[PDB]
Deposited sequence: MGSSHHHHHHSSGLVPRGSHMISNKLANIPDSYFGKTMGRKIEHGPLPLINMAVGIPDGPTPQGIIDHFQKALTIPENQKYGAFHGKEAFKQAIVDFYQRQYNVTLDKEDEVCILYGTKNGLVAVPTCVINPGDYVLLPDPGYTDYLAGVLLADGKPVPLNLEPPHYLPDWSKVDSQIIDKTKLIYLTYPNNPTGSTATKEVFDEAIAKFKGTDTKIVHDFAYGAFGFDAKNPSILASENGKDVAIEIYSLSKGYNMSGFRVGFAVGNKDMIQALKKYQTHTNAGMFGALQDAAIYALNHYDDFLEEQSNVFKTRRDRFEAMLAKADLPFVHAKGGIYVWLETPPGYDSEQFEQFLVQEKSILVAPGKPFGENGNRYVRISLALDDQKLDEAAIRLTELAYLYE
């Protein structure tokens, strides 16, 4: 094995107690792909151009469905050539960014608590990952608290709103502040918008809808959660021309274009399923309302979720995230995601996925409320 790869901690998500298992460690809604997307994929398989190698950077109709989506969704004007890069699932693009953008020894700020997969990308590019310390209840950056020396050396920053695992959301103004802090520096921003569709009390803002957003940032959007297409492996990067062009160049070397039929299904999804995205957000909103109501009534301490598909729950005293994870699976047959892999600041929380039977979730709630005595 190479030294570079040896450095990389295993993908943390790469047995149960007596009770029937409830797996609340799941990303991703439980629902099927809308039938219309399925029907169009089925049809796209019979198309001669779809069976064969195509243009590396994607169909014109795909690039166009992307800019159209961003325009009517976020009033963001994008150029199809300069400001759009199709991704083979967003994980692939997110982990590619540092290789494309930074040089050995460059500092990269990573949200703590934040998403697990970024670290690998930084390490694959010989960068130096440094935590962006986010604090409850709202987990927003505090740029004045980042060491002045680190800010100066930072060439890339990941942001994630809605945040995985904390469910925290951003506003136009918090993006304004980030952009103003780093415009005219060599620091760029990657905003991971995987949960863009899931905004409970307010539609989540794009970083690119903030004035000057494209000057500092790209935004990465996934079809996985919004459209129940997680297994399909399709997303896109949008924004800063320089960053987009570097990604595009990287993908001409590591890939030979996206499956044409997958592109057509993606086009169909983006063009026709705005209402469904709304439906998805609403379904998780109430799922959240019911689950957090159960928790609050039994005085279990949690951080209220503002978007995404999870609740960020405190561990009780005398349990860390991994001890509480093992407790819940052993005693309660509830699988949760421990806060630890999400960063140091996740040490005393667990992540709970609401992406299961609107049924199951109720039994899981009653199971958890029984543990109220642990929090005294």
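In sequence order, the deposited residues that have no C-alpha coordinates form the ranges 1 to 21, 36 to 42.
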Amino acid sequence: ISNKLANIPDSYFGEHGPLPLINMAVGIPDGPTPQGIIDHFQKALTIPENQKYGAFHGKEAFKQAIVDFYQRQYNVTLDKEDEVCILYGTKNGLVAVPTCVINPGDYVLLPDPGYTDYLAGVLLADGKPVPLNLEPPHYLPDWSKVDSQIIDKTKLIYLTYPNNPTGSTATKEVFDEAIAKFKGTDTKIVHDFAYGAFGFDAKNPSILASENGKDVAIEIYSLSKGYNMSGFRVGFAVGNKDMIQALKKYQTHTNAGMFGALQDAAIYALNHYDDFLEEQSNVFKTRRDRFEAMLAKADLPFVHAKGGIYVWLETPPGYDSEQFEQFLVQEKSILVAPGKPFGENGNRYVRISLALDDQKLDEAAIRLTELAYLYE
From here on, numbers count along this sequence of modelled residues.
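In this entry, 148 to 156 shows the higher mean Cα temperature factor of the pair 302 to 310 and 148 to 156. Looking at mean Cα B-factors across 162 to 170 and 289 to 297, the upper value is held by 289 to 297. Sort the chain's modelled residues by C-alpha temperature factor and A55 lands in the highest third, per the entry. Ranked within its chain, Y250 lands in the middle third, by CA B factor from the PDB record. For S281, the recorded CA B-factor ranks within the highest third of the chain. Only modelled residues enter the ranking. Per the PDB record, residue ranking by Cα B-factor puts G318 in the lowest third of the chain. Among all modelled residues in this chain, the alpha-carbon of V336 has a temperature factor (C-alpha) in the middle third.
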